[PDB]
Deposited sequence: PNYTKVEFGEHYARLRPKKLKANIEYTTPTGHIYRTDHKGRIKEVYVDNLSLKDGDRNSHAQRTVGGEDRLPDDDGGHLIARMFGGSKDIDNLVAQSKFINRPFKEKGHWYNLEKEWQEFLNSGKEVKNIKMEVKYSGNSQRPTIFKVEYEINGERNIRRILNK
C-alpha cells in the first residue's frame, strides 16, 4: 500500500504497486498444485449489424440477496459465459 514500491514477502512472493499504491503485479514461483445487460445487448446488436450470428443464447438463474444470471452464447463457434447480478 505504498506508492511505486516493490516488496517481497517472507515466502518469496514479489509485489509491485502503482502511483496510488495499488497492487498491480504479483510474482510467485511457489504454487502448490446503464449496466451489464445493456453492455451485453449493445455488443450483440453490433455483431448482428456486422452480419454475425449470436447463437445458442441460454441462461441459468439462481432466483431472489440478488438474483444471479449465468448467461451463455456462441458467436464465432465459440461459447462465452457471463455472470450478471440483479439487485
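Residues of the deposited sequence that lack C-alpha coordinates fall in the stretches 1-19, 53-106, 138-141.
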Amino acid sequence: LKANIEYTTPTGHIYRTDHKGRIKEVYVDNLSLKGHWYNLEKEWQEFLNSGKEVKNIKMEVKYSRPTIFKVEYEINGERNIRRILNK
From here on, numbers count along this sequence of modelled residues.
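The deposited model assigns a higher average Cα B-factor to 48-56 than to the other stretch when 48-56 and 24-32 are compared. For the set 65, 70, 13, 79, the PDB entry assigns the largest Cα B-factor to 65.
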